[PDB]
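Below is one structure, written out as structure tokens, with a few remarks after it.
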Amino acid sequence: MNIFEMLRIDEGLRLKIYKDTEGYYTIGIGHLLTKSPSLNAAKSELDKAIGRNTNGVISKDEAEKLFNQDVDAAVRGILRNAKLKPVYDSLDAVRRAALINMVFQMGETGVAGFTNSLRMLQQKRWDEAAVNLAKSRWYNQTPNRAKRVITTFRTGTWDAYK
Ligand SMILES: [Cl-]
Ligand SMILES: [Cl-]
């Protein structure tokens with residue numbers, strides 16, 4: 001298992017614009033297009049992202065190319081972030097994938113705000129960190145995906161995904 005297969009289980013793949021769990025226009029593998037209510041503002045972003053006139057539909061390959069950019073950006077954002085970097089550096093390979101996942105989903109700003117949990121991870125207090133992470137809108141809103149990520153943090157194995 002690796003970050004790509006993990007995120008592909010959590011986000012799915014859709015080749016036509018769809019609305020995410022929060023109601024926003026997305027396409028491919030969890031690629032957020034816009035938070036604007038307009039489907040047109042969504043198709044415009046999409047065409048800008050792909051470099052062609054897509055009419056709201058893209059190929060598997062285009063979907064995978066967006067995914068490659070997004071995971072790459074997620075990693076680079078963590079490494080540029082003063083709050084996140086020290087956390088990531090301290091973690092093993094499995095847990096690192098868990099933090100990338102949260103970033104991909106909620107952005108660097110959002111994750112960076114989980115101050116207390118971050119401190120617990122850095123300290124390797126797994127059980128306490130898992131308990132704290134669960135007290136969040138995140139866990140309340142997408143409980144099944146949150147449990148998987150949380151279990152990856154507590155355990156350090158990919159069990160939740162197998
Ligand atoms: Cl883009
Ligand atoms: Cl969920």
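The residues of the chain are indexed from 1 along the displayed sequence. Computed over heavy atoms, backbone and side chain alike; hydrogens, waters and symmetry mates excluded.
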Test log, rule salt bridge (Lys or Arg N to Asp or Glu O under 4.0 Å), inputs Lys48 and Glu45: CA-CA 5 Å; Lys48 173 164 54 102; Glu45 283 301 306; 2.7 Å; yes
Go through it in stages, so that I can follow the logic: the residues are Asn132 and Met120, the test is side-chain contact (heavy atoms from CB on, under 4.5 Å), and I'd like the CA-CA distance, side-chain angles, deciding distance and then a yes or no. CA-CA 9 Å; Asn132 183 263; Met120 300 160 201; 4.0 Å; yes
Would you say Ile50 and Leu66 make side-chain contact, with heavy atoms under 4.5 Å? yes
Under 4.5 Å between side-chain heavy atoms, counting indirect links through other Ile/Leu/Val/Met/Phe/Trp/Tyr residues: same cluster for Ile9 and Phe67 or not? yes
For a quick test of reading the model, state the closest non-hydrogen atom pair linking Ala98 to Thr152 and the distance between them. CB-CG2, 3.9 Å
Do the side chains of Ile78 and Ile100 get nearer than 4.5 Å, heavy atoms only? yes
Mind checking whether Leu84 and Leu79 have side chains closer than 4.5 Å, heavy atoms only? no
Summary of salt bridge (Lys or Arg N to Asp or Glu O under 4.0 Å) pairs that have at least one residue in residues 17-37, sequence neighbours excluded: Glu22-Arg137
Between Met102 and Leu133, is any pair of side-chain heavy atoms under 4.5 Å apart? yes
Atom CD1 in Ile150, atom OG in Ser136: separation rounded to 0.5 Å? 6.0 Å
When hydrophobic residues are tied together by side-chain contacts of less than 4.5 Å, even through go-betweens, does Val57 share a cluster with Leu13? no
Just verifying a value: how many Å separate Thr26 OG1 and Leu32 CG, rounded to the nearest 0.5 Å? 5.0 Å
Quick one: pull up CD1 in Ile29 and CZ in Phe4 and give me the separation to the nearest 0.5 Å. 9.5 Å
Kindly state each residue pair satisfying side chain to side chain donor-acceptor pair (under 3.5 Å) with at least one member in residues 52-61, sequence neighbours excluded. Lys43-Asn55, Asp47-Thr54, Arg52-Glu62
Give a yes or no on whether the backbone of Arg154 and the side-chain of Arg95 come within a donor-acceptor separation of less than 3.5 Å. yes
By salt bridge (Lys or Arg N to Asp or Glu O under 4.0 Å), which residues pair with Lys162, not counting sequence neighbours? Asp159
Taking the side chain as every heavy atom from C-beta outward, state whether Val94 and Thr157 have any pair of such atoms under 4.5 Å apart. no
Determine the minimum heavy-atom distance between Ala41 and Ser36, stating which atoms define it. CB-OG, 3.7 Å
Shortest non-hydrogen contact from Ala134 toward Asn140: O-OD1, 4.2 Å
side-chain hydrogen bond (donor to acceptor under 3.5 Å, both in side chains) partners for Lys65, two or more places apart: none
side-chain hydrogen bond (donor to acceptor under 3.5 Å, both in side chains) partners for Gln122, two or more places apart: none
Set of salt bridge (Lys or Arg N to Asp or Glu O under 4.0 Å) partners for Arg148, sequence neighbours left out: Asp10
Taking it one step at a time, do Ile27 and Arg14 satisfy side-chain contact (heavy atoms from CB on, under 4.5 Å)? CA-CA 6 Å; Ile27 200 169; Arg14 306 200 47 202; over 6 Å; no
With side-chain contact (heavy atoms from CB on, under 4.5 Å) as the criterion, how do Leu99 and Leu118 come out once you've worked through the C-alpha distance, each side chain's angles and the decisive distance to 0.1 Å? CA-CA 10 Å; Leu99 186 73; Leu118 293 175; 4.2 Å; yes
What pairs meet the side chain to side chain donor-acceptor pair (under 3.5 Å) rule with one or both residues in residues 106-115, with sequence neighbours excluded? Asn81-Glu108
List for me each residue that meets salt bridge (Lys or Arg N to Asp or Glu O under 4.0 Å) alongside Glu11, sequence neighbours excluded, and say none if there are none. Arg145
Closest non-hydrogen atom pair between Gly56 and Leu46, with its separation: CA-CD2, 3.7 Å
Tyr161 and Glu5, any side-chain heavy atoms less than 4.5 Å apart: no
If we ignore hydrogens and angles and just use 3.5 Å, is the side chain of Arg96 paired with the main-chain N or O of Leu91 as donor and acceptor? yes
Between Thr155 and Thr151, is there a donor-acceptor pair closer than 3.5 Å when you use the side chain of the first and the backbone of the second? yes
Can you find a pair of side-chain heavy atoms, one from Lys16 and one from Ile58, that are under 4.5 Å apart? no
With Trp138 via side-chain hydrogen bond (donor to acceptor under 3.5 Å, both in side chains) - residues at least two apart: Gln105
Name all pairs fulfilling the salt bridge (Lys or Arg N to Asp or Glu O under 4.0 Å) condition that reach into residues 75-84, sequence neighbours left out, sorted by first residue then second. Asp72-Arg76
Considering only residues two or more places apart or on different chains, which pairs with a residue in residues 6-44 satisfy ring pair (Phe, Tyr, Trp, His ring centres under 6.0 Å)? none
Sequence neighbours left out, what passes side-chain hydrogen bond (donor to acceptor under 3.5 Å, both in side chains) with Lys124? Give chain and number order. none
